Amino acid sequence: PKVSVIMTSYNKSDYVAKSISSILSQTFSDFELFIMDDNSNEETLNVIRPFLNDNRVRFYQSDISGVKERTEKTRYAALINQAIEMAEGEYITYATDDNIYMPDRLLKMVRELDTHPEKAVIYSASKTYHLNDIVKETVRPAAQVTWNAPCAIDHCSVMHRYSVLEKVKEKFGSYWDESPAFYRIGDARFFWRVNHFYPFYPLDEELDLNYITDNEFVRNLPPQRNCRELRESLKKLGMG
């Protein structure tokens, strides 16, 4: 397939169907969809189950269980890294169980990369609906080429050439960073790695959607490193 969509899933029974469905109904149909479930509850598994009937879905379920295992690594990064190793697509993109793809997302992103061989990483604008019907709408723009993606661009707004992954692994030893110190902003940390070698090219269109309302787990992670740290290191890096 031209595109490998890598989605992660953990206990979002009320939302995961809409997420999956938004991918399976894309106008661009030449993709494989990895559903990397991190050993979710019964309710979640049962919502996902019918979608496994779609011949494009490649479902993998971990055996992870308990606070030690959930806090040993940034789980989604480990899952994403696993999927990357199995991916057959020329282009790679990410999805989650709480994010919705707009119908022409894959089509528009694939066209951008097909058309511009010089661009390796692209990103679109993203929209979040704050609920309570809608009380607030937040848009994350995609107006400029950027060498400083961390915390400015979301997990779910990017597509890149597979070849990007080689470079990243060559320097850092892995693709996404599994260190649990980057649990809250794992996307930013992976974008930080990519930004050592590639700028992110914009698609001034809103192509993904989030809905939001306007623990022994938290207490067992290491101190969390933050955005500022990443942005300053890239500014010092001085690639742009």
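Sequential numbering from 1, following the sequence displayed.
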query: What about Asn215, is it left unmodelled in a third or more of the other PDB entries we looked at?
result: yes
message: Gap size between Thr115 and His116, counting deposited residues with no coordinates: none, 1 to 3, 4 to 9, or 10 or more?
response: none
query: According to the PDB entry, how many deposited residues between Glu42 and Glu43 are absent from the model (none, 1 to 3, 4 to 9, 10 or more)?
result: none
- request: May I ask you to compare 28-36 and 181-189 by their mean CA B factor in the entry and name the higher one?
  value: 181-189
- request: Between 101-109 and 135-143, point out the one with the higher average CA B-factor as the PDB entry records it.
  value: 135-143
- request: In terms of CA temperature factor as recorded, identify the highest of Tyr211, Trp176, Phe51, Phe59.
  value: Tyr211
- prompt: Considering only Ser9, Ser13, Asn220, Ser19, which residue's Cα atom bears the greatest B-factor as recorded?
  reply: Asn220
- request: Sorting the chain's modelled residues by C-alpha B-factor, tell me whether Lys73 ends up in the lowest, middle or highest third.
  value: middle
query: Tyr94: which third of its chain by C-alpha temperature factor?
result: lowest
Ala120 by Cα B-factor - lowest, middle or highest third of the modelled chain: middle
query: Ranked by Cα temperature factor within the chain, is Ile84 in the lowest third, the middle third or the highest third?
result: middle
- request: Place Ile153 in the lowest, middle or highest third of its chain's C-alpha B-factors, as listed in the PDB entry.
  value: middle
